[PDB]
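Undergrad: Experimental coordinates follow, after the sequence.
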Amino acid sequence: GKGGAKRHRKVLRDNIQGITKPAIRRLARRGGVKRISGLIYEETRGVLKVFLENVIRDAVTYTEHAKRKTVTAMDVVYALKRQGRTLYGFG
Amino acid sequence: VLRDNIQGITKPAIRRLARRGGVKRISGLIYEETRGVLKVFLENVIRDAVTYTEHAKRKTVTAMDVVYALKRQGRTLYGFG
Amino acid sequence: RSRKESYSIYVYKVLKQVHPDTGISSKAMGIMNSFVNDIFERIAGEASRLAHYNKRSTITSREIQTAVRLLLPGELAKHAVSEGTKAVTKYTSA
Amino acid sequence: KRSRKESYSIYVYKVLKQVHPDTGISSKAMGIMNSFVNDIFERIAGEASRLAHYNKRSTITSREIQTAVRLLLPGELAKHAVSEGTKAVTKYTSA
Amino acid sequence: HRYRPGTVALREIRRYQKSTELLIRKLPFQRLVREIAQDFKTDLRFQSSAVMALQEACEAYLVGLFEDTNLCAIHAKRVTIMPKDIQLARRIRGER
Amino acid sequence: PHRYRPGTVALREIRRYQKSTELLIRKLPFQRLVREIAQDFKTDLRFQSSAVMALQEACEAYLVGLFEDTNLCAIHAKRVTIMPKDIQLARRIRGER
Amino acid sequence: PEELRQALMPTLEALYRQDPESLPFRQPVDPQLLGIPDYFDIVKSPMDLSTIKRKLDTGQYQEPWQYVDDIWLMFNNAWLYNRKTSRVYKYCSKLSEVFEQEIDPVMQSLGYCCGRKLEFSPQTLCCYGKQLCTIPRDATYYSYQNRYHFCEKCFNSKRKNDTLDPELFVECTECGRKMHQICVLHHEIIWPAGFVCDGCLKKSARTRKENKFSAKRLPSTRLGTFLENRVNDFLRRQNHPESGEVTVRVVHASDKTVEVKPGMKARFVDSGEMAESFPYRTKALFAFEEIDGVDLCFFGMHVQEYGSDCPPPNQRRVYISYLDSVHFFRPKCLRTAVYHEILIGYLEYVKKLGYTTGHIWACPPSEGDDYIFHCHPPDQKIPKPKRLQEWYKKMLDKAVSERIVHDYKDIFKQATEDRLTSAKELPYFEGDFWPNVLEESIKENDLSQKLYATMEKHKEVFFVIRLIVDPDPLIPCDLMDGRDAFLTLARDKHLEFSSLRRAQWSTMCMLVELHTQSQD
Amino acid sequence: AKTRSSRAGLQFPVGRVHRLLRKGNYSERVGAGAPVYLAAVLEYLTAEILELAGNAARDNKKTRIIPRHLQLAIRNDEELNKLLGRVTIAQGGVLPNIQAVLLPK
Amino acid sequence: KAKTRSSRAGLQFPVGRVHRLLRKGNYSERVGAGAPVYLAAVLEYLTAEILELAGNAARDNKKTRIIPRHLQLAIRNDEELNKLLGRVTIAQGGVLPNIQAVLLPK
DNA sequence: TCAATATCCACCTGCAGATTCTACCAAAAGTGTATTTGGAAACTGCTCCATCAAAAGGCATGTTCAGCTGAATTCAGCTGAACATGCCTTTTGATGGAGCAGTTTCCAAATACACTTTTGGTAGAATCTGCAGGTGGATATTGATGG
DNA sequence: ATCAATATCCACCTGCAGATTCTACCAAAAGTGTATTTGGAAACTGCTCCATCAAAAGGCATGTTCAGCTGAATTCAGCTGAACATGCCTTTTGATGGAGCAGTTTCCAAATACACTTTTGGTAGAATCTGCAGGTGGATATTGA
């Protein structure tokens, strides 16, 4: 490729560590948590990735059912509403 | 025949339900609050089921209306549908 | 293009009636619109299945009343039902 | 007066015979089976209508009920379910 | 001869987990349902199957609830349930 | 040297983050995680910015709710520090586990 | 060169005006500067727009074809060392389109008919060891001495078949211009005196000698005469301004025999229940039009005729084996109708001969498959099976309205009406579906149930039409003896029907070959 | 020349809600009073939660209601809270709540 | 002669009845031809596997007639079917035998 | 490792309940014929998504230190468990009638559809306006400093 | 009890993206007006099945005791919170290619809408069959002692 690489999909990795320690600390503080053990962070990351896998799977199956290659917000709203997470401000 | 049949739900009944719930030791204050939870769920099921009842212009509640109430409360019951 | 309908003007009129000197933000307005849509669809489905229960093929105000009592928790319904009645009462006045 | 009530009972009985020739079902458990099959029917059909409304489609066909199978039924269950569904629609089409 | 505290308890645990029979006596639950229905509308008649469905559904809900409360009591390094366990279970479930 | 006792600053950020509403998880790393998950599901997908924002606010809401339940469970066990058993019990009672 | 500069500069300037289409090509690309070191290691000729600009300015272009070749060559090496998703790729495509649309009339002005650097389709080759299959395209092949070719599984030089054969050229007597052979339509056999361009003929007030290889000069037959008379009468009735006379010629007619397959040979003829072979007559008729004063073949049809002196059930039966056409008929709107007329007339003709039953196998070809005409036009949408069925049904209904055809049915319903009981009562035709599938299932009412299910599976595909001394003598022709020989000649000599000019050239070559085949 | 919304004293559009409930194919037949009743319930809920949001905004020395005000309004009323128990308000945050044992005491 | 759509698709659940119930379900004004076939196939599949699981539970329980206890044992022991019916109560099913670790002696 | 007891099983035997067979027919279901239309493909306009570029500082990351919370241990008040004893509330069967449905009439009420009027979005430009963000200094909040 | 190093509260003021204010169009709503259809109101009534009561019976309600569970008091290794240095990589503004989302036409394969013949599922009555619920006999871990 002329422009830098050539069809660089850039297969992703190590993203869950992108959810940093202070980020999980802030999420816990919004939940009223005062003290956080060291092994809380990774298992909260695990819960986060489980939830994201579920919601993204539902939304993506929604989106090939719509015959689309781009994930919109409306099918996401559908996915969470089915999963028992009714969300506002997005359609 | 005795009144306030909320206490009519005998304490060994709560004991047996807790045994089915896997509980081996039951505190003295457990019985009254289990009675409270039971009765609360009870007005819920009775209220929506009887509302189904006057919706049909009937004076008798049916078991199928009970199934409606349970499934609407998210507690779908099989065997009476 | 295809028009996307919303309750913007009606919710704004209600807000002006109940709070003349207050404004609403865009995100809060989207929350308002999705709220009214969710209540609409939940009540519509509940009333429709009540129609299915009694082999009733027509949607009238009665099963709408029943859905309002079932879904709206207690005191809210005690007004909601009433308000609807008043509305249909006025609709049964001309 | 004789008022008939409909149920998928007898078909479930043939299904049991196909899966277990020498096994029976009691009336209570059989009503359990009927309630379960009715519940699955209602959920899948409702989800199919939900997809039809979402994708602005006015006709219910096999594609969106297949999609509802993927969304609602568990992974292995959903995959194998899509399997017999495709097999059956092709068999009926070629029939 | 006296069994130690817990052996008969776990025996009843196994007995009631291996059985599915009704545990709430029919008549008191029927009477309670009667007065509860009386609190909302007067002069009602109930099907026997309606009472059975109400009772069996309620035992199922409470059995799951006591599973939850046993788990919550275990969470606090305990084997006995107390009111804080039922409050925690119901709050996490979200009925309140 | 001036030093605050453990807990006072904790409650400080408690009230700060219970008063504010701005997103606490960084947008770019979360979006990278979303792209990873989608690619692991289906390759060659594109994501709208509004969709990523919906996922972000939704996951923040789910996490803060689970953290409130976790704190309630921790207080139930006569503790102030959250533990793995806390979230495990909360998720089991909620019923997704 | 300065006059040539004036002639060619507007097109290059118009290419320059394309912004930002021409920007990557305005300055000489350098591998180090652009960051792509592997540019000049693959292509051996570096150039750009500025190279041709300075070549024009200096004045070393002896012929405009060098200019055209250089432009198409930078286009080729641009697409070669580029991904299709890249921006320079679409810029190169747009610049090529602009070049074509600008240079065609300008190059026409200078005297050449056109100025397109054209190449033929990838010439697929054939194997030599097994003598039955061919060399696959875009796949590994082995070649020896450029005359022997083999596939991957035959022998069990290595290359993948991607070469393109360029179009040939001819030279004028008084110009020496490298004119396209196809475009000017010059054949060595037709005019041995020498190729002369139209400009020289106009200047000298001379006209080319009349072509004696035309389709009209072909020997006439009763069937061909009847078909052409019917088509011409229909066209005269329509009276469209774009309608031209149509010539239908039967170029091959020979008696042949079809043999029974061994699977049913053991079962029936050996037991004494079915004929050992069936004699028929194969015929080849083609339709031609005079478009712009040039003959063009736009239809082909292959039939098998079993007359009265034939064992049953094949007796008195006409079967359509292969039919093909190219959509260059003028006017277009009548084209389909004209085809129907042919599909009517032949039937009526055989109805005059005493034939009873007609058979049609309505199956569209697979992707990249040609029946008679090779290299169908890319824009010629091949019909789907149901559209082809409706196409045949329209012709059948039109024939019914004319009382020529009594009725038609599917083979399953025809067998049901005929109360067929054994496979020996089914008509046998050369190359048909049934002769092969009967043997195939024999390898797999013992046989009748299978056959009935097979018709039930494919009832709509087959058409049976309920409608002998032929007055036309035999016409021996090996080239038209089946579609295979014509396809082989078209592929070997590059006789393509993709374009109108190429269709005309192929028609001329085919007519010359047919006229020279009748000389012994 | 009187609209159905003005005829029954409705602020939400009776025609629009009727059309939307018909378009959802909840049924084959729909009477006239049901869309009016549903619309009326809509103004009722909208009006009460707007009062709550405006009160929250006034409590926060603000004259424009924001999603934070909506969340404070919904979560501070138990009936609207149970109406929206499985519900998240985007950019609404959570109610300020600290368990007693967390406090220094 | 007049093959039923269930037999035409090789299914034992009634395609026609599913089609009729989905029509009068009012989920759409129009219904496809293959939708009842596919849906009947899905319901037959679920009923099948729950039947083999219930029969296996009955055989492990030394019984030849499947009872609701066997259905509960089958559905709860399969985690996929478990979360399929994670919010559904079965009549006369009971609960899985489960004793807690801390509640155990010694 | 003797001994009392709940319970798995080896066996059994009666029955409510599950299974088999004949008959009927209104209710569905498949086939036929006509009409209607939903969205596929074919083309193309156009919003927006992925990608690249560059600067910079808000917190991410890492280390240090010690505060106190989780975890372990010990032991005492006592709340429940296990069990014997007395009775008493419940279950089951039988029996009057309150209403759930089956049948018939018919009228207020809900589609169907062709016009005709009203208006909810909404492009585009203009003015208004609540609050994001930075400044500065008054006011709790914390923690351990003199004694 | 006072005091100093910080976080908190908050009034004020400026620039601006977002909130609010008119013009004009207008197709999709929204409305009004007959012809048509039928869903359900209404009255009479057969038939379930639901309320009520007496005796057979299967547990439920209380007092004792102490084994063991729960909870208070003590201690400490260590870890996670508080503060800080360094810099990174995320955030914000800008532009741009173009894959792809989306609007418009055509029109056919698939849908609906009855008419009709076929078979098929639901129900009632007889009578034979059968898995299993308990009841009796050992009797086999098993747990307290």
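TA: Ah, there it is. Numbers count the residues shown, from 1 in each chain, chains lettered A, B, ... in the order given.

Undergrad: quick one: residue E:21 is in a strand?
TA: No: assessed with DSSP: H, G, I helix; E, B strand; the rest coil, residue E:21 is coil; it does not lie in a strand.

Undergrad: List the residues that contact the closest residue to DNA strand K within the stretch 251-400 of chain G.
TA: For the stretch 251-400 of chain G and DNA strand K, the shortest gap (CB to the nearest atom of the strand) falls at residue G:386, measuring 4.4 Å. C-beta: built from backbone N, CA, C; applies to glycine. The contact partners of residue G:386, by CB atoms under 8 Å, 6 or more residues apart in numbering or on different chains, come to residue G:460.

Undergrad: tell me which element it is part of?
TA: helix G:385-401 (DSSP states H and E).

Undergrad: after that helix comes which helix or strand?
TA: According to DSSP H and E, the helix or strand after helix G:385-401 is strand G:407-410.

Undergrad: Give me the contacts around the helix or strand following that next one.
TA: Sequence-wise, the next helix or strand downstream of strand G:407-410 (DSSP H and E) is helix G:411-418. Identification of contacts with helix G:411-418 by CB under 8 Å, 6+ apart yields G:409, G:425-426, G:452, G:455-456, G:459, G:462-464.

Undergrad: again, only using 10 Å
TA: Helix G:411-418 is contacted from outside by G:313, G:357, G:359, G:361, G:408-410, G:420-421, G:425-427, G:433-434, G:448, G:451-466, using CB atoms under 10 Å, 6 or more residues apart in numbering or on different chains.

Undergrad: What distance separates the opening and closing residues of stretch G:305-324?
TA: Length of stretch G:305-324, first residue to last, CA to CA, to the nearest Å: 19 Å.

Undergrad: Now do the buried residues in that stretch.
TA: G:305-307, G:310, G:313-324 (16 or more other CB atoms under 10 Å in any protein chain shown).

Undergrad: So what does the residue of chain C found nearest chain A have for phi and psi?
TA: Across chain C, the shortest distance to chain A (CB to the nearest CB) belongs to residue C:31, at 4.1 Å. When read as degrees, to the nearest 10, the backbone of residue C:31 gives phi -60, psi -40.

Undergrad: Would you point out which residue of chain E is nearest chain D?
TA: Taking CB to the nearest CB, chain E has residue E:20 as its residue nearest chain D, at 10.2 Å.

Undergrad: Nearest to chain E: which residue in chain C?
TA: Per CB to the nearest CB, residue C:69 is where chain C lies closest to chain E, at 10.9 Å.

Undergrad: got it, and chain G?
TA: Using CB to the nearest CB, the closest approach of chain G to chain E is made by residue G:85 at 50.8 Å.

Undergrad: how far away is the residue most central in space within chain C from residue H:43?
TA: Geometric centre of chain C, nearest residue: residue C:40, 5.5 Å, by CA atoms, centre = their mean. Relative to residue H:43, residue C:40 is positioned 12 Å away (CB to CB, to the nearest Å).

Undergrad: ok, now residue A:39?
TA: 52 Å.

Undergrad: Compare neighbour counts for the two and give me the winner.
TA: Between residue A:39 and residue H:43, counted using other CB atoms under 10 Å in any protein chain shown, residue H:43 has the larger neighbour count: 25 against 10.

Undergrad: Please indicate which of the contacts of helix G:411-418 are buried?
TA: G:313, G:357, G:359, G:361, G:408-410, G:420, G:426-427, G:434, G:451, G:454-455, G:461-465.

Undergrad: hang on, the earlier thing: now the residue of chain G closest to chain E, nearest residue through space, not along the chain?
TA: In this structure, residue G:85 finds its nearest non-sequential neighbour in residue A:7, 7.6 Å apart by CB to CB, 6 or more residues apart in numbering or on different chains.

Undergrad: who are the neighbours in contact with that neighbour?
TA: A:1, G:83, G:85.

Undergrad: List, one by one, the residues from chain E near chain F.
TA: Within reach of chain F by CB under 10 Å from any CB of the partner chain, chain E has these residues: E:64-65, E:67-69, E:71-78, E:84-85, E:87-94.

Undergrad: so residue A:4 touches residue G:35, yeah?
TA: Yes: between residue A:4 and residue G:35 there is a contact at 9.0 Å, judged by CB atoms under 10 Å.

Undergrad: how close does the nearest residue to residue G:462 once chain neighbours are set aside sit to residue G:420?
TA: Of all residues not flanking residue G:462 in the chain, residue G:411 sits nearest, at 4.0 Å (CB to CB, 6+ apart). As defined by CB to CB, residue G:411 lies at a distance of 10 Å from residue G:420.

Undergrad: before we move on, what about residue G:80?
TA: Per CB to CB, residue G:80 is found 61 Å from residue G:420.

Undergrad: for residue G:273, same thing?
TA: Using CB to CB, we find residue G:273 at a distance of 14 Å from residue G:420.

Undergrad: hmm, back to that, how about the residue of chain E closest to chain D, what does it touch?
TA: Contacts for residue E:20 (CB under 10 Å, 6+ apart) come out as B:20, E:56, E:59, I:67-69, I:72, I:90-95.

Undergrad: Spell out which parts of chain C neighbour DNA strand J.
TA: Neighbours of DNA strand J within chain C, by CB under 7 Å from any atom of the strand: C:3-9, C:23, C:58, C:60.

Undergrad: thinking again about what came up before, return every residue with contacts to both of residue G:411 and residue G:420.
TA: Residues touching both residue G:411 and residue G:420 by CB under 10 Å, 6+ apart: G:426, G:451, G:455.

Undergrad: what sits against the residue nearest to residue C:58 when sequence neighbours are not counted?
TA: Computed as CB to CB, 6+ apart, the closest residue to residue C:58 that is not its neighbour in sequence is residue H:29, at 4.3 Å. Taking CB under 10 Å, 6+ apart as the criterion, residue H:29 is in contact with C:51, C:56-60, H:22.

Undergrad: how about 7 Å then?
TA: C:57-59 (CB atoms under 7 Å, 6 or more residues apart in numbering or on different chains).

Undergrad: For the residue nearest to the centre of chain C, list the residues it contacts.
TA: Neighbouring residues of residue C:40 by CB under 7 Å, 6+ apart: H:17, H:20, H:38, H:42.

Undergrad: Run the chain-centre distance for the host helix or strand of it.
TA: Secondary structure assignment for residue C:40, by DSSP H and E: helix C:26-53. Relative to the chain's own centre, helix C:26-53 is displaced by 7 Å; criterion: CA atoms, centre = their mean, to the nearest Å.

Undergrad: How about stretch C:63-70?
TA: 11 Å.

Undergrad: neighbours around residue G:3, how many?
TA: Using other CB under 10 Å, residue G:3 is surrounded by 8 other residues.
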